[PDB]
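Taking it in order: structure first as structure tokens, then the write-up.
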Amino acid sequence: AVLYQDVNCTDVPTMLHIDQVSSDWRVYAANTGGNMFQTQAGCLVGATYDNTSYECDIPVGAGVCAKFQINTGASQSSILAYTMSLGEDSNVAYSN
Amino acid sequence: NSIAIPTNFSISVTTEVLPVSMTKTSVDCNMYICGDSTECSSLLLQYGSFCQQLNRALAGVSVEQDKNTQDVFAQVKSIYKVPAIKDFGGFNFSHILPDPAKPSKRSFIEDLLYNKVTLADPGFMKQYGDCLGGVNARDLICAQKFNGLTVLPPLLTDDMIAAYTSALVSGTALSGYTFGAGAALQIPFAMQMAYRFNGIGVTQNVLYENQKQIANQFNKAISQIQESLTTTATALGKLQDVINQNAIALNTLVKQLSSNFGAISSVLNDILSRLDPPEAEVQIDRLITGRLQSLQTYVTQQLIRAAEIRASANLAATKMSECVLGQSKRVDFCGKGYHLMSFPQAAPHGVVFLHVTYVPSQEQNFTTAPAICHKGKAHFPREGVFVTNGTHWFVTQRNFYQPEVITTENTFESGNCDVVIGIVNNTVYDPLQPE
Amino acid sequence: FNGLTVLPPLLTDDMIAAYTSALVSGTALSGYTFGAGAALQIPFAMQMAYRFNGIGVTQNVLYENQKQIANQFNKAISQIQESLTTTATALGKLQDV
Amino acid sequence: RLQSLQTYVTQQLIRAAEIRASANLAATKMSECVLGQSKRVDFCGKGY
Amino acid sequence: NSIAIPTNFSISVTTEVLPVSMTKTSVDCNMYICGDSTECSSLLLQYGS
Amino acid sequence: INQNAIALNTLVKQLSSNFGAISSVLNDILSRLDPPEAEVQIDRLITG
Ligand SMILES: *[C@@H]1O[C@H](CO)[C@@H](O[C@@H]2O[C@H](CO)[C@@H](O[C@@H]3O[C@H](CO[C@H]4O[C@H](CO)[C@@H](O)[C@H](O)[C@@H]4O)[C@@H](O)[C@H](O[C@H]4O[C@H](CO)[C@@H](O)[C@H](O)[C@@H]4O)[C@@H]3O)[C@H](O)[C@H]2NC(C)=O)[C@H](O)[C@H]1NC(C)=O
Ligand SMILES: *[C@@H]1O[C@H](CO)[C@@H](O[C@@H]2O[C@H](CO)[C@@H](O[C@@H]3O[C@H](CO)[C@@H](O)[C@H](O)[C@@H]3O)[C@H](O)[C@H]2NC(C)=O)[C@H](O)[C@H]1NC(C)=O
Ligand SMILES: *[C@@H]1O[C@H](CO)[C@@H](O[C@@H]2O[C@H](CO)[C@@H](O[C@@H]3O[C@H](CO)[C@@H](O)[C@H](O)[C@@H]3O)[C@H](O)[C@H]2NC(C)=O)[C@H](O)[C@H]1NC(C)=O
Ligand SMILES: *[C@@H]1O[C@H](CO)[C@@H](O[C@@H]2O[C@H](CO)[C@@H](O)[C@H](O)[C@H]2NC(C)=O)[C@H](O)[C@H]1NC(C)=O
Ligand SMILES: *[C@@H]1O[C@H](CO)[C@@H](O[C@@H]2O[C@H](CO)[C@@H](O)[C@H](O)[C@H]2NC(C)=O)[C@H](O)[C@H]1NC(C)=O
Ligand SMILES: *[C@@H]1O[C@H](CO)[C@@H](O[C@@H]2O[C@H](CO)[C@@H](O)[C@H](O)[C@H]2NC(C)=O)[C@H](O)[C@H]1NC(C)=O
Ligand SMILES: *[C@@H]1O[C@H](CO)[C@@H](O)[C@H](O)[C@H]1NC(C)=O
Ligand SMILES: *[C@@H]1O[C@H](CO)[C@@H](O)[C@H](O)[C@H]1NC(C)=O
């Protein structure tokens, strides 16, 4: 997964120089199938975003972390992006 | 033969600031040295491997800063919901907890702390049009990026850091310090504050007699903290100093390229435009050596500063663990006087501690004696000393004045009345009076 | 002759010793109450009694053997000077730096 | 000569950091041992 | 089933030494390098900051 | 342990670089050049 730091991925074609790179980077320069999502530090390319929150494994920055999934039923072998979880929530109330 | 015993007390709140972390940076050799030059890139490759060490050191520094921040702030893995009411037995917890009126996720004091100290360049979201690709006045930040110098954002955002402080402050008002050693234990704040007075050698009854005065003094001190912060601009100095040091180091590293050392010109394009490669290699070599020396000096200074910040962060984490999640009897470790409780507040690249202490005042003059002789036997006090008015005798505390009659359960009996010096005639109350 | 100079410290030797004199004198008059606020006068015999109380020993033992404790304290203080005179390795870190 | 000066400055900085740590420890010991009584083991000598 | 209890005490005084500070120094480049030489001073100025 | 080993290995392997000279090996430099010309080649290696 390639993270283009300090750029808006709406303007990748005017930054990555698509016309002067190999087709492999042309794959990582197009917004198809939700492969580009804007984060606080940059815009990650080549990974899928997920809801909820898990413990951080691969630090990225600005509260975003990454992990690799090995799925056989869904045939998923990509990288996930998510927001780290602060911790579990308690329900202690005040009484006099 | 005299002794001074205080008769009044006051509640004082003090502040303390400790840096926790600094900025994270990265350096690219192929861009800082030999900018857009294939021949110079080949020469640098021929020079040797003198750049992997710099990248490894910078990565280690960044990881160390992230670890320091996590260790200082993230200590308890339990988020406690902020109570709806912010008045616990007269104590006003309004300027320490976030206001639900606006979802700012920060307290009133933290906003002032953030606005008091400025930052060089936040966001790290500068694109073309915001640099010389568009229009600028040649800002420093775009000049740094033109030579491979970049600044990485921290792993934890400002909102996430304030969540830890909100959880820590809320947990104290609901359990005290029992949640630090295990699970939370609910307790009324009035009873919780009573045992804080018990740990400093003062009896529990004094708090219930003057609860309103204590609450008023606490609220007044909390309110005056904001006024003191507003009226001054020198308390938050360390964070500004470290930010300025990092900015100055980066700017000096950027501007060091103007020097040509022993060559004929600082620019590399003109050297290759007028000299053959056999003669241009000598000119390029000295520039390469000088730039590598400057990079090495910068890396060494950054490593030293990182070590200092690591020591400061370790001290801050120890103070947070031993002063917020418990009560410490160490002298001058949690302020001036007798420590009662502490409140953590988030600061940019640092942390602010609010220490609540107990300070006696309004001394009074009294006389004292070592022991008391009742009948051929000496009696020694258990908790306190002997005081005297107008040919009388009483037993009282030291941190507070509260005379009581001398009884057999307040003094243990040991020895005779001859070895002890200063002992005087006195009677002892007999418990068997109504019999 | 080569631009190398050494600057004197801000605080002189006499001023530094004043702090030590104030600290030692304050202990003999108030113990440690002056560190947390204002000074509190107290007899030294009673002040030393509660020092024995903080280490789990009862207060009565000090008054029974005050003379022995004072003699031992004076002997140790006197022997400190002899030990310092007879040796020359205790003050090593300052010489090293 | 510039290299020698840089080496001297770096060594002085390291020694200054070490002296700073030692001075912090000494100040903490002075605060916790002279202006009060400490129950920490082997922090103010041998014994109680 | 046994226990040892001391019956006497002694007062001992020990010493401890901690460094607090070191000497302060200053360095002049124009004197240490290029001592009394205008040409060398100009070359050092050209060298950089 | 890994940091110390890596530092030692990097220090050992740093000798392969010839800096601005013509060869990393010192035997061949003295085998083809006069001392007046070989001193310049040796100086940069020594400094590096
Ligand atoms: C140092 O501080 C102590 C604090 O206790 C003072 O000691 C008390 O001093 C007061 C004032 O002199 C004494 O009060 C007097 O006591 C008598 C009544 O005692 C009754 O109650 C006790 C039990 O508490 C019984 O043992 C006793 O038998 C009685 O039943 C009377 O002499 C006095 O009454 C006068 O005042 C009242 C109220 O104003 C009037 O209604 C009466 O008409 C009359 O005028 C008075 O109440 C008290 O006994 C002392 N306590 C002790 C333990 O001795 C010291 O005086 C003070 N020293 C100085 C120099 O200030
Ligand atoms: C010594 O401690 C006592 C309490 O044990 C203090 O006495 C009371 O202190 C409170 C402090 O708020 C005073 O309240 C104030 O009183 C007036 C009322 O007109 C006014 O200034 C304020 O609105 C407030 O209510 C209270 O009056 C006072 N009581 C007496 C009898 O004086 C005392 O102040 C302490 N001493 C010192 C020097 O602080
Ligand atoms: C155990 O503690 C007791 C006291 O609780 C010590 O007993 C007394 O110790 C003092 C120490 O100064 C002795 O004083 C000396 O005695 C003679 C007098 O001729 C002389 O050596 C000195 O001039 C000094 O005055 C005192 O005699 C002694 N009492 C007895 C009955 O022995 C005791 O010494 C302690 N034990 C040890 C082993 O130290
Ligand atoms: C990246 O581009 C996107 C798409 O243009 C921007 O999204 C909006 O940008 C406008 C104009 O700045 C803002 O007012 C809106 O709030 C943005 N969001 C939405 C949902 O409309 C985005 O801001 C751009 N990022 C940067 C840093 O310029
Ligand atoms: C503890 O809190 C409860 C509420 O959780 C208080 O109960 C109130 O008591 C007053 C007494 O005048 C009633 O008028 C209210 O209707 C009660 N409920 C509420 C929601 O306020 C209780 O009084 C508190 N205890 C103390 C000692 O203050
Ligand atoms: C403390 O009280 C005792 C017991 O009464 C006093 O000892 C006696 O004092 C009387 C006078 O009150 C003398 O006549 C006796 O000879 C004393 N007996 C002795 C010394 O065995 C003792 O003096 C009192 N202490 C004082 C007044 O400081
Ligand atoms: C994931 O979150 C998005 C954004 O709120 C939401 O639209 C989507 O339904 C969620 N998917 C789930 C909960 O499976
Ligand atoms: C206490 O009273 C005594 C009586 O002799 C006097 O000398 C002393 O100065 C007084 N102390 C204070 C602090 O007023």
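Label zone of C:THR58 (point 7 Å out along Cα→Cβ, amide N under 18 Å): in segment E:6-46 this covers E:6-9. Couplings for segment B:49-56, taken from phi via the Karplus curve 6.51 cos²θ - 1.76 cosθ + 1.60 with θ = phi - 60°, read 9, 10, 10, 5, 4, 4, 5, 4 Hz in order; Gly and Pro are left as x. All other residues with a Cβ under 14 Å from the Cβ of B:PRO348 taken together, and with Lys, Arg as +1 and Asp, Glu as -1, what is their net charge? Local charge sum for B:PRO348: -3.
Here each label is just a point 7 Å from Cα along the line to Cβ, and for C:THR27 and B:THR118 those points are 4.9 nm apart.
As a proxy for reagent exposure, B:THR427, C:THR58 were ordered by neighbouring Cβ count within 10 angstrom, fewest first; the result is B:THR427, C:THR58.
Rounded to the nearest whole Hz, the Karplus-based 3J(HN,Hα) values (6.51 cos²θ - 1.76 cosθ + 1.60, θ = phi - 60°) of segment B:365-382 follow the sequence 9, 8, 10, 9, 10, x, 9, 10, 9, 8, 8, x, 10, 9, 10, 10, x, 8, with x at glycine and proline. Estimated purely from DSSP H runs of n ≥ 4, each contributing -39500 (n - 2.57), the mean residue ellipticity at 222 nm for chain F is -19000 deg cm²/dmol once divided by its residues.
Taking the Cα centre of chain B as origin, sum charge times position over the Cβ atoms of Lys and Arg (+1) and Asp and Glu (-1), and report the length of that vector in debye to the nearest 20. Don't skip to the end; give the middle numbers.
On the way: 31 positive and 35 negative charges, 70 e Å.
Computed charge dipole of chain B: roughly 340 debye.
The fewest-to-most ranking of C:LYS93, B:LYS145 by surrounding Cβ atoms within 10 Å reads C:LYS93, B:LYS145. The phi-based Karplus calculation (6.51 cos²θ - 1.76 cosθ + 1.60; θ = phi - 60°) puts the 3J(HN,Hα) values of segment D:8-18 at 4, 5, 4, 4, 4, 5, 5, 5, 5, 4, 4 Hz, whole numbers, x for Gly and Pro. Near B:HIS379, within a Cβ-to-Cβ distance under 15 Å, what is the net charge of the other residues, with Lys and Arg +1 and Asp and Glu -1? Combined, the nearby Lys, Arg, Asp and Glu give -4.
Could you please report the charge total around B:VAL419, scoring K, R as +1 and D, E as -1 over all other residues with beta-carbon less than 11 angstrom from its beta-carbon?
-1
Of all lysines in the structure, those lying under 21 Å Cα to Cα from B:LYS77, and not within fewer than 8 positions of it along the same chain, are B:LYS67, B:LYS105, B:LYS319. In debye, nearest 20, what is the charge dipole magnitude of the protein assembly as shown about its Cα centre with +1 on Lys and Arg Cβ and -1 on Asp and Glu Cβ, if you could check? Using only the charged Cβ atoms, the result is roughly 1660 debye. A straight Cα-to-Cα reach below 14 Å connects B:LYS126 with the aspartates and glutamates A:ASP6, A:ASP11, B:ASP139, residues fewer than 8 places away in its own chain not being considered. Taking a straight Cα-Cα cut-off under 20 Å and skipping sequence neighbours fewer than 8 places away in the same chain, the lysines within cross-link reach of C:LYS93 are D:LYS29, E:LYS24. Working from label points 7 Å from Cα in the Cα-to-Cβ sense, the A:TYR54 to B:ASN210 distance is 5.8 nm.
Computed from the coordinates by the stated procedures, all read-outs in this text should not be read as laboratory data. Cβ: placed from backbone, ideal geometry, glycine included. Neighbour counts: every protein chain shown.
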